[PDB]
Each structure stands twice: as C-alpha cells, then as structure tokens.
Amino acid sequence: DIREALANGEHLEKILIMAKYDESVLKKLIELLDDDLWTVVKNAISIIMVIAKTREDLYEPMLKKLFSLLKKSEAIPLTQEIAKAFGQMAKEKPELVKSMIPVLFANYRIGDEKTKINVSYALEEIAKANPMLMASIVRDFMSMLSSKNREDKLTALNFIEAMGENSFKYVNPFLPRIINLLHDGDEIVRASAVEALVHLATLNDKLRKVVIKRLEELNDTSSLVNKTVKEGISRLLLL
C-alpha cells in the first residue's frame, strides 16, 4: 500500500521505480501531496522531484503545489524538503523559478510567522543553489518599489521580509530605494517599509544602527505607523 509505505519511509526506491514506469503511480503520488500526514507529503515530494529530473513537465505543476504547501506545512522536515525542492529548481529550471517567485509573493498571504519562516527557507535555498538567479530575482522585486500601485510595493516589501543571511548581500545595494518608501504618501506603505527595514537590520549589525537612528528621528502622522516605528525601535535595541 503506496500511501502507508510513504508514511513510514519504506520501500521508497521501490515506489520510485514503479512511479517512474507506470504513469498511474506517478499520478497517485501527485495526489498524495494533499494528504494530511506530513511524512507522506514529504516522501512523495522527494520521489516526484527525482522523477522530474527526467520529465520536465513535472516542474511547473509541482512548483505551484509547493507554493500551497509552504502555506500548509507545520512539520519542519516537510518545510525542509519543500525548501530543498526549490533549491533543485533553481539549478535545473531557473527561468521557471524566476518567473513564478513574483507570483507567489503577489498572490499569497505571507504575513503570519509560520508562513514567513517557511517561505524564508525556500528563498535561502534558491540563494545557495543559484546565486546568479537570486540576484536576478532580487532585482525584479526592487523594480516593484518604484511602482505606482500600492499592492506591488507591498509585494516587494513582503519579499524583502523573507530575505535572509545568504540573500542579504543582494538587497544591501538597494537600501536607499527601500528607505525611499519611508517618504511614501500612503501610510500603509510607510509602515510596511518600516517592518521591512526592521527585518533587514536583524541581518546586519551596521544596518541595524542606521535603522535604529533613522526610526528614532521619525515623527509621523499615522498612529498605524508611529506604533510600527516604536515596536520596531524596541526589537532592534535588544541586539
């Protein structure tokens, strides 16, 4: 029983060889990505992803489903496996990663700790798998900072809050562009610019004193921002 073997990590190579030869097994493993049991989801991924290295068409549907799973995953081994899968598409299907990451950030809710962490792991794995792809994806979002539309700046900003230690050197050259949004006329964008700057300060000690100083200096009209400035002032001082 394919499903119960996946749940106990047994027969995996078996299942892979079967799925690799009988399409109706491949489809079964895809369908088991939706199972409530994480070990099942996990081991389905790792099998489908090996089969993908010889079947190009599995990548795109799988990437879409990974986006949903990063919303769904609560078990850290599953999270890890999701992130490794992102890493593997970053080396083998860089354009697909390039063209879909903005889709994830523009479409999906990424503003609860759980999601945030799950998403960070995947971008850290894209960043270690393909430095060039990564710099390139960072540039696509930093272009979204100038946009007129409110949503597109918050999408850039959500991206910047999922940055980590390995993608930090890509965003560092864009700082001024990001600080620039502290002068945005829409209060909601100002506050998100703050959160995002707050989050980058936690990655680098020098930037942390810059941000600190800056946020103190700031006096605003929105309460919805003044609060944001004050909470974040409080976090950075700790470190």
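Residue numbers here begin at 1 and follow the sequence given.
May I ask you to compare 171-179 and 44-52 by their mean CA B factor in the entry and name the higher one? Higher mean C-alpha B-factor: 171-179.
So which stretch wins on mean C-alpha B-factor, 87-95 or 140-148? According to the entry, 140-148 carries the higher average C-alpha B-factor.
Quick check for you: using the entry's CA B-factors within this chain, is residue 195 in the lowest, middle or highest third? According to the entry, residue 195 has a C-alpha B-factor in the chain's middle third.
Split into thirds by Cα B-factor across the chain's modelled residues, where does residue 207 land: lowest, middle or highest? Answer is highest: the recorded C-alpha B-factor places it there.
For residue 32, does the deposited CA B-factor place it in the lowest, middle or highest third of the chain? Answer is middle: the recorded C-alpha B-factor places it there.
Residue 26 by Cα B-factor - lowest, middle or highest third of the modelled chain: Tercile = highest for this residue's CA B-factor.
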